[PDB]
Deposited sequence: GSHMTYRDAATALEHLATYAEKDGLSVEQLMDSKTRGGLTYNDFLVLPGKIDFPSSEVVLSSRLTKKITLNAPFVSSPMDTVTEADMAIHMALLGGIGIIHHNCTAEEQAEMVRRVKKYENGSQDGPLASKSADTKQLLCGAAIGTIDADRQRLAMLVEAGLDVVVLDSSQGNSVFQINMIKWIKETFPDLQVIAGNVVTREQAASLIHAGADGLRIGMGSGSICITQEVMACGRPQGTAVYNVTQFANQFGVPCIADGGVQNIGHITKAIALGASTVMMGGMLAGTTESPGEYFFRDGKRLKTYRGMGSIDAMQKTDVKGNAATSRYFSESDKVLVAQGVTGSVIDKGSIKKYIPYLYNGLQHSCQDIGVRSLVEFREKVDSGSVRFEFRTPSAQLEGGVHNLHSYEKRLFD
């Protein structure tokens, strides 16, 4: 005999747990990253337009969208930072330039006037928010003072391995000298690295080592971590201290953004996805495709603007303007949250942590099935 349909919801209670895995079950198949798993769908009872994407950048800075442009010389100068802020995220201006040049870029962002209600602006002056990267040697103290004079809102201490005495000393010096400046420390991939930087006074952490599209650190240094695993393990610790984390590297699509946030990230940082856009630095050139250069900051070319390279110089295809691309990401992330059944990124965090949001692993065959497969040809047009 068959069960009565009227009892179907009640019958769920006979199972020991919800279908799929909790995030803890998932992350206990070690060394995973984003492509190794999926989020299972939930219950839809609201429109995607309802989904709020407010996200913490640092202890005191919140954005309307979890999107941060990388401090790379082929990704973020003033044009990128202005437009990222207008669209609800933020740009981190690179430091492969003189201190005077970098301060001028920050000034250009801070003085911009020409906006939507989601724009990233200071609460007092209503100027666009601006970030910038620096190193952690003594000369960077004067560089930072110039950036602060230019109106900097947040500084990123830029390193492939941020758990160093130099970086710790720089965090302490900044918190003493410029107490109102928010500091993002990193990069980190372990709980121990995170503890060290948090203890030094970081207002946020940048997570990732070797995941970048242009990065060869794992090959040449043998050192790094799979990105999803790094995000989970760092944020499981950092989130207890109210220290928001940026998932930096290895993001190529909306689903990576969703997954990074599911695993504990507060924001996501993009280099390659934003390289090749109109607002990135560098000129377009042709090959019969329209291209831009995109290069690691540890590439020989970037370092020269024996040397051991930790990144490569390459090219990416023209992506058009971020005035279309960022709204695509935003709308896509709203739709992703809707499918999962959550109405905000705050709720997404809460429901992952409670075990309400469920996950599944993907075997290599499942990854192939999940991608485009068994066509003679196709065009992958992502948005209109």
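- Note: segments 1-4, 33-35, 122-124, 298, 317-334 of the deposited sequence have no C-alpha coordinates in the structure.
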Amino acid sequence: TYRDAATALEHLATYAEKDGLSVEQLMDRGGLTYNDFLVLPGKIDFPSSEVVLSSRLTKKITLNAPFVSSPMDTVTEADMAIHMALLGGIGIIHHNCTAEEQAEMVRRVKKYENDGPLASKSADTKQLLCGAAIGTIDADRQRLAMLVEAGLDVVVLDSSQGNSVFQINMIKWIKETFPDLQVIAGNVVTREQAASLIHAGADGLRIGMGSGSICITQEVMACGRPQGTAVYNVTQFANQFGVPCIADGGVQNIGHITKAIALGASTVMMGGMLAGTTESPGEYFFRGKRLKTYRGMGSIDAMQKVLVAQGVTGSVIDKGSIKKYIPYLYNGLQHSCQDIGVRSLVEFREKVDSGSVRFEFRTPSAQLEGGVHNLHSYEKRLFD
From here on, numbers count along this sequence of modelled residues.
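- Across the other compared structures of the same protein with both neighbouring residues present, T258 carries coordinates in every case, with no third of them leaving it out.
- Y284, present in the displayed chain, goes without coordinates in a third or more of the other PDB entries compared that cover both sides of it.
- Averaged over CA atoms, B-factors in the entry run higher in 10-18 than in the other of 10-18 and 365-373.
- On average the C-alpha atoms of 318-326 have higher B-factors than those of the other stretch, with 336-344 and 318-326 being the two compared.
- Of the residues listed, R206, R295, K259, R141, the entry assigns the biggest Cα temperature factor to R141.
- Going by the entry's values, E283 shows the largest Cα B-factor out of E283, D158, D248, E77.
- In the PDB entry, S196 places in the middle third of its chain by CA B-factor.
- In this PDB entry, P47 carries a Cα temperature factor that places it within the middle third of its chain's modelled residues.
- Compared with the other modelled residues of the chain, the Cα B-factor recorded for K121 ranks in the middle third.
- In the deposited entry, the Cα temperature factor of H83 places it in the middle third of its chain's modelled residues.
- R108: CA B factor in the highest third of modelled residues in this chain (values from the PDB entry).
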